[PDB]
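All chains are named by letter (A, B, ...) in the order of the sequence lines, taking the proteins before the strands, and each is independently numbered beginning at 1.
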Amino acid sequence: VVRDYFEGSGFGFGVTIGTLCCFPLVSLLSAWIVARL
Amino acid sequence: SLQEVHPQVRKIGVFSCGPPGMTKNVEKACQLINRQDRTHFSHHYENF
Amino acid sequence: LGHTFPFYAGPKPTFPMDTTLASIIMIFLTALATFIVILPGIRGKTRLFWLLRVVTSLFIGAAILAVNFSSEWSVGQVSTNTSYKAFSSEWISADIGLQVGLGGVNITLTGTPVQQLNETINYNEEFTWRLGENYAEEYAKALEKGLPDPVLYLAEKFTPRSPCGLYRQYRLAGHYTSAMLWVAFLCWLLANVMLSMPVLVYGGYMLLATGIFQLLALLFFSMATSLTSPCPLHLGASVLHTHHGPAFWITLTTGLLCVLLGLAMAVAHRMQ
Amino acid sequence: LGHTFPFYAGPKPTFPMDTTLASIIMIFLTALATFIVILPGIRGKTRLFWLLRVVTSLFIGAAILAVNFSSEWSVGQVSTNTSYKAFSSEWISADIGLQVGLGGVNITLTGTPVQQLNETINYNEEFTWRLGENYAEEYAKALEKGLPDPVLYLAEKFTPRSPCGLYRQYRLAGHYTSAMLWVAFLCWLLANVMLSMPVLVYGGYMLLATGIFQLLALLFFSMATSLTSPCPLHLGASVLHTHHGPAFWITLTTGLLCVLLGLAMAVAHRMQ
Amino acid sequence: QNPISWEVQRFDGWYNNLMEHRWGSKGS
Amino acid sequence: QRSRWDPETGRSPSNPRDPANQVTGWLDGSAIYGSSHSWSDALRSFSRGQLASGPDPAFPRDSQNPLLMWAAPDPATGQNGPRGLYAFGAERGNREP
Amino acid sequence: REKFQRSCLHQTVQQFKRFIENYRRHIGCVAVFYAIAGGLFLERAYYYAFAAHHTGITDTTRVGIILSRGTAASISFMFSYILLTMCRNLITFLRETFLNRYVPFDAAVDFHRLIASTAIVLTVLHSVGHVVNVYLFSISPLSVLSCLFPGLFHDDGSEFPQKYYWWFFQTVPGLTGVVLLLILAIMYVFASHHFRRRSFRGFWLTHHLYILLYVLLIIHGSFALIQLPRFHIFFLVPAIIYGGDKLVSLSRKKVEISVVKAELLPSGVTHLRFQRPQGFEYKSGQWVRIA
Ligand SMILES: *[C@@H]1O[C@H](CO)[C@@H](O[C@@H]2O[C@H](CO)[C@@H](O[C@@H]3O[C@H](CO[C@H]4O[C@H](CO[C@H]5O[C@H](CO)[C@@H](O)[C@H](O)[C@@H]5O[C@H]5O[C@H](CO)[C@@H](O)[C@H](O)[C@@H]5O)[C@@H](O)[C@H](O[C@H]5O[C@H](CO)[C@@H](O)[C@H](O)[C@@H]5O)[C@@H]4O)[C@@H](O)[C@H](O[C@H]4O[C@H](CO)[C@@H](O)[C@H](O)[C@@H]4O[C@H]4O[C@H](CO)[C@@H](O)[C@H](O)[C@@H]4O[C@H]4O[C@H](CO)[C@@H](O)[C@H](O)[C@@H]4O)[C@@H]3O)[C@H](O)[C@H]2NC(C)=O)[C@H](O)[C@H]1NC(C)=O
Ligand SMILES: *[C@@H]1O[C@H](CO)[C@@H](O[C@@H]2O[C@H](CO)[C@@H](O[C@@H]3O[C@H](CO[C@H]4O[C@H](CO[C@H]5O[C@H](CO)[C@@H](O)[C@H](O)[C@@H]5O[C@H]5O[C@H](CO)[C@@H](O)[C@H](O)[C@@H]5O)[C@@H](O)[C@H](O[C@H]5O[C@H](CO)[C@@H](O)[C@H](O)[C@@H]5O)[C@@H]4O)[C@@H](O)[C@H](O[C@H]4O[C@H](CO)[C@@H](O)[C@H](O)[C@@H]4O[C@H]4O[C@H](CO)[C@@H](O)[C@H](O)[C@@H]4O[C@H]4O[C@H](CO)[C@@H](O)[C@H](O)[C@@H]4O)[C@@H]3O)[C@H](O)[C@H]2NC(C)=O)[C@H](O)[C@H]1NC(C)=O
Ligand code: HEM
Ligand code: HEM
Ligand SMILES: *[C@@H]1O[C@H](CO)[C@@H](O)[C@H](O)[C@H]1NC(C)=O
Ligand SMILES: *[C@@H]1O[C@H](CO)[C@@H](O)[C@H](O)[C@H]1NC(C)=O
Ligand SMILES: *[C@@H]1O[C@H](CO)[C@@H](O)[C@H](O)[C@H]1NC(C)=O
Ligand SMILES: *[C@@H]1O[C@H](CO)[C@@H](O)[C@H](O)[C@H]1NC(C)=O
Ligand code: NA
């Protein structure tokens with residue numbers, strides 16, 4: 001049996017990368033909201 | 001022509017507060033005039 | 001990509017030159033590039049002269065630093081057949097070279113061809129006698145590492161306890177030559193600083209002092225390395241003869257250039 | 001006087017304490033002596049209060065530095081009969097002590113009496129796990145030196161590859177405790193600087209921050225050294241148990257003093 | 001052919017033993 | 001005076017001091033050719049594979065540099081200097097005629 | 001008078017010469033700053049590409065580790081020395097000296113933005129590099145990780161490495177980097193021109209996060225996962241200079257006055273006449289600060 005170290009981790013790794021890339025998007029959304037108020 | 005307008009001047013101060021090229025041109029003109037030893041033109045870089 | 005090991009199985013690259021010289025060259029080339037970029041900002045027809053001055057200054061500085069860190073003061077090279085490694089009677093045909101600098105000696109063993117006896121022979125080892133560094137300890141570490149026979153022989157030739165006194169004289173010469181070169185570099189820095197000041201005479205005198213210190217470093221190195229008794233370096237069926245290398249002549253030309261520039265500056269000021 | 005060798009045949013003295021602690025004590029005592037000399041120059045009745053402040057400040061600083069450099073964080077000591085050296089079946093009666101600090105561990109082996117088996121047994125060895133220092137290399141050098149068996153045993157107990165994970169946890173605890181103590185020392189410097197300034201509130205808050213960082217260093221050391229699995233230290237027929245040493249309690253009292261002083265300063269400012 | 005067909009013995013006694021290079025060497 | 005000792009020893013009971021041999025322990029003619037390659041080169045003339053000799057071919061070259069031969073002064077006459085000391089593989093080869 | 005010039009050749013070279021003659025000081029300062037940053041980047045890249053074979057780090061990550069380390073060095077230098085652009089008192093003192101003929105101090109604030117605009121870019125690369133590293137560290141065996149990180153992993157035969165989330169959230173550099181990325185996103189978005197126009201209080205509220213940014217930068221490299229922490233060395237002298245300048249600014253007492261008259265002069269000019277402080281003495285050409 002071939003052991004795969006990254007099995008079951010691709011989706012979560014992609015989600016983590018997406019959250020890291022969406023940090024500026026979250027900050028931009030918060031800035032727009034506070035500018036409106 | 002400042003030397004002809006004022007005949008008795010021996011030292012004239014020229015102070016330049018502007019872009020670097022303009023002040024460079026002013027100091028270059030002062031040096032060219034100072035090359036003849038009639039009167040002295042002392043130039044200053046001012047940064048108010 | 002994974003699933004195989006190692007991820008990067010290619011051979012690991014080796015830097016193609018000395019790192020100190022490469023860093024000095026990179027820094028001075030970056031300064032030259034910045035000056036060339038700002039060159040059109042230099043107003044008037046002075047820029048040409050300005051360019052020359054800048055280039056000269058940078059070159060001088062670089063040269064000094066390079067000459068202070070290059071092991072090209074006493075160079076020699078022979079082509080010989082010599083024993084290569086222990087527990088092996090096979091001999092290799094190689095160029096064996098000695099490069100004695102201020103802070104140590106670089107021993108080069110380049111196979112001809114490089115691939116001999118299924119081995120890569122392109123050794124360039126360093127043995128430093130700088131203050132605070134123990135040459136005997138480095139030679140012992142080289143012996144424990146198992147360096148090839150010509151390298152070990154040339155390194156043992158420069159050991160402090162070796163019968164021929166190359167170690168003491170070369171260490172003294174390199175130390176004081178390096179001190180004089182550092183003084184010359186400081187004088188070059190001061191000359192560059194003071195040439196911008198209205199007093200050009202002191203800048204010219206500082207440049208002349210830089211040249212004088214370079215020539216003094218040359219003279220001290222020559223006198224201290226000439227007092228040594230003849231140490232015969234015999235490898236295989238040939239003899240290695242050392243001579244003043246490119247660093248010595250670079251120091252000579254740079255010091256003469258600085259002396260002439262300072263003298264010309266002083267003479268021009270006196271005449272004008 | 002000559003004609004005999006050596007000129008000074010007396011035994012060479014040994015420093016009676018740790019050199020870092022001695023230097024810190026000397027520097028702070030010199031500062032205190034200078035302040036006491038200038039004390040009559042302090043005009044008015046303020047001098048008493050001034051004296052107190054000065055003393056407190058100096059003490060705090062000294063304490064921090066001492067606590068950062070003292071190996072008195074995890075101390076233990078037993079009296080045992082143990083094997084002393086290799087190629088010898090004789091046993092020695094001695095006090096074996098462990099002094100785990102931030103940057104390493106000091107192992108003490110003091111003979112009872114000191115003169116046993118025609119040998120002087122007063123060992124105080126250091127094994128450092130500070131960043132950039134290889135603990136395994138130091139233990140190997142100790143093995144090659146031939147240190148006595150209890151010292152080698154206690155040193156191997158703290159090796160990175162030893163079965164019980166004291167090395168990793170103690171190294172982490174010491175590193176971050178030292179970082180927090182350095183932050184506290186910087187805050188102490190800033191508080192001393194800003195107490196002279198007209199804004200006393202910021203100086204009081206900086207002193208409070210110094211106390212907070214000292215308490216945080218205490219808490220981190222406790223939490224990181226408590227997570228370790230039980231490592232049984234058995235020497236001879238006895239077991240060595242470690243506990244928070246004088247450095248831990250000195251840090252506790254100094255941090256509490258700084259916190260209380262900052263809190264009192266802030267409260268007094270608010271009320272006045 | 002090379003007249004020296006054997007491994008020349010070192011003067012310092014190093015590398016005489018295959019695994020103990022410092023055996024019989026100067027300074028050992 | 002005490003002799004040279006191994007720098008790695010002589011500090012702790014389990015590794016007591018051990019003397020260091022100043023010549024090669026092998027029976028490899030070190031007393032004839034020297035205990036180092038530079039010593040051998042100093043002893044050689046590099047001509048016809050012969051050890052260097054002075055004006056008399058039956059005697060080796062006189063030791064000139066102070067790093068070659070032991071120069072203990074003559075107990076009887078007080079003579080010093082390497083003027084009469086021959087160069088051998090052994091440093092103390094001129095102890096007695 | 002004005003002479004004719006080439007419609008596509010003479011005008012271009014003349015504009016180029018004008019730009020260089022006007023901003024030679026700016027070009028020189030930017031060149032020196034970027035040269036130092038690139039030199040640090042190249043030093044780390046050379047160390048990991050030619051002088052790090054004994055560690056075997058490049059056998060697993062060759063591009064990721066070089067990018068991460070070089071960007072880390074440049075990022076440490078630039079985040080440390082961005083404080084020098086905000087030393088108002090030191091810049092004011094150096095404004096009238098001869099150094100102004102070589103350094104355009106009046107552009108410091110602009111230079112500030114420039115440095116920041118560079119830093120985040122490199123920062124992103126930094127993060128990206130480590131991302132790659134993490135993935136490789138998530139697919140490398142336990143023996144390889146133990147060799148790469150002796151103080152972090154021990155090869156006990158389990159052969160299964162740590163997961164990606166262990167690196168990102170159960171490791172001090174990972175968590176500190178994530179929080180630093182969030183803080184940088186907040187600061188850069190709120191400090192942008194658009195939202196600086198939109199609001200002022202939010203701008204400063206977010207920009208005061210640089211204290212937490214520097215604290216988390218100190219903590220970020222403290223674990224010494226790959227190399228010894230060097231950020232404190234870069235940060236020491238600039239932080240001291242910035243703190244001294246801030247203390248000097250706090251030492252001065254800012255007067256508070258009222259405006260006598262306000263005029264909306266054309267071309268978008270505001271003429272403000274305000275009460276002169278009682279002991280306010282000044283010479284011609286001097287300038288004040290207003291809030
Ligand atoms: C004056 O001299 C100065 C000193 O030389 C000089 O300064 C030096 O400049 C040069 C650049 O100009 C630099 O030094 C070079 O650096 C290279 C890279 O260094 C890194 O990599 C090496 C290699 O490590 C691998 O291999 C060893 C075994 O060889 C393993 O033990 C390692 O684990 C590692 O193995 C992995 O990688 C392999 C790659 O293929 C894989 O195959 C393997 O499976 C593994 O994955 C490391 O050792 C280095 O670390 C060491 O140094 C650092 C820092 O000092 C220490 O912290 C660390 O602890 C180590 O001590 C580093 O990481 C080197 O490759 C290169 O070394 C060659 O040259 C020197 C000097 O001649 C020799 O001593 C050395 O043995 C190498 O020579 C062999 O290999 C070359 C080809 O690479 C051959 O041409 C040569 O003939 C010789 O071949 C013989 O041995 C071979 C086996 O080794 C064998 O295959 C052959 O058949 C033959 O028998 C060199 O050191 C650096 O900047 C300076 N070095 C300093 C300061 O020390 C200065 O410029 C000079 N001045 C002037 C004016 O010229
Ligand atoms: C945590 O621990 C830290 C580390 O211990 C500690 O920091 C240390 O603090 C202390 C002071 O507080 C300092 O360290 C001490 O320094 C003393 C002096 O150091 C100088 O002298 C020694 C002695 O050298 C002589 O002897 C050796 C052989 O022993 C010879 O090889 C030498 O050539 C020399 O011989 C001449 O002098 C003799 C004197 O009588 C003559 O008889 C002889 O004929 C010759 O003329 C030197 O080795 C030192 O140099 C070394 O270190 C420097 C700098 O690191 C290096 O550059 C250099 O290359 C060397 O490596 C230095 O010049 C030391 O004497 C003292 O050493 C004792 O303690 C340590 C630690 O326990 C032992 O390892 C060591 O073996 C010594 O223990 C023996 O001797 C004492 C009595 O002195 C006994 O009580 C003890 O039981 C043991 O006896 C055993 O061995 C004896 C033979 O050695 C034998 O006779 C006995 O019977 C028994 O078998 C110590 O190192 C220094 O400031 C710090 N040290 C550091 C940083 O390394 C720190 O404070 C601690 N923290 C806390 C909170 O406490
Ligand atoms: C990590 C990134 C940054 C750091 C660490 C940083 C740091 C600082 C610091 C310490 C100050 C001084 C605040 C004070 O003295 O009260 C400041 C002010 C300022 N910064 Fe930044 N900055 C960063 C990014 C930016 C960016 C991206 C912009 C604009 C796009 C910007 C524009 C400004 C402005 C306009 C000021 C006001 C200066 C003044 O009013 O005198 N900064 N910054
Ligand atoms: C997901 C995001 C990030 C990850 C995973 C990450 C990872 C790392 C790692 C593993 C190190 C090595 C530290 C060590 O060996 O102990 C490091 C160093 C460093 N990183 Fe990051 N990082 C991230 C984001 C950032 C950010 C946002 C910044 C700057 C704002 C930054 C700047 C630095 C600096 C300056 C160093 C060197 C610190 C020192 O030498 O003391 N990184 N990073
Ligand atoms: C080395 O050996 C080769 C092969 O016999 C020979 O051609 C060459 O001349 C030799 N080199 C020297 C310097 O004797
Ligand atoms: C050694 O070199 C020879 C000739 O260069 C070559 O044929 C051979 O494949 C190499 N390797 C071995 C193991 O002999
Ligand atoms: C050590 O040995 C002595 C002598 O037998 C004995 O009196 C003492 O109790 C022993 N110490 C311990 C801890 O057993
Ligand atoms: C060793 O110690 C004993 C008792 O302390 C003493 O009588 C003796 O003189 C010492 N020295 C030797 C060499 O035994
Ligand atoms: Na022998």
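For an aromatic pair to be called close, the ring centres must be under 6.0 Å apart, and G:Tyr165 with A:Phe13 fails this.
Listed by sequence position, G:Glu159, G:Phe160, G:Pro161 are the residues of residues 142-161 of chain G in contact with chain A, using a 4.5 angstrom heavy-atom cutoff. Residue-level contacts of residues 205-228 of chain G with chain A do not occur; threshold 4.5 Å between heavy atoms.
The OH atom of A:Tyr5 sits 13.5 Å away from atom CD of G:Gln162, with the distance rounded to the nearest 0.5 Å. Separating the OG atom in A:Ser30 from the CZ atom in G:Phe195 is a distance of 9.5 Å, to the nearest 0.5 Å. Rounding to the nearest 0.5 angstrom, the gap separating the CG atom in A:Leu20 from the CZ atom in G:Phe168 is 6.0 Å. Atom CG of G:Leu182 sits about 12.0 Å away from atom SG of A:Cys22, to the nearest 0.5 Å.
Two residues are said to be in side-chain contact when any heavy atoms from C-beta on lie closer than 4.5 Å; G:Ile186 and A:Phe23 fail this criterion.
Pairing each heavy atom of G:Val131 with each of A:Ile17, the nearest pair is CG1-CD1, 3.6 Å. Looking at every heavy atom in both residues, G:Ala185 comes nearest to A:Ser27 through O-OG, 3.5 Å.
With a 4.5 Å cut-off on non-hydrogen atoms, A:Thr16 touches chain G through its side chain but not through its backbone. When heavy atoms are compared at a cutoff of 4.5 Å, G:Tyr188 does not approach chain A at all.
Chain A forms the most heavy-atom pairs under 4.5 Å with one residue out of G:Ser192, G:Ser127, G:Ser138, G:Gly202, and that residue is G:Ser138.
Shown here is G:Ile290, whose CD1 atom has no more than 12 heavy atoms of other residues, nucleotides or ligands within 6.0 Å. Other residues, nucleotides and ligands contribute more than 12 heavy atoms inside 6.0 Å of the CZ atom of G:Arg289.
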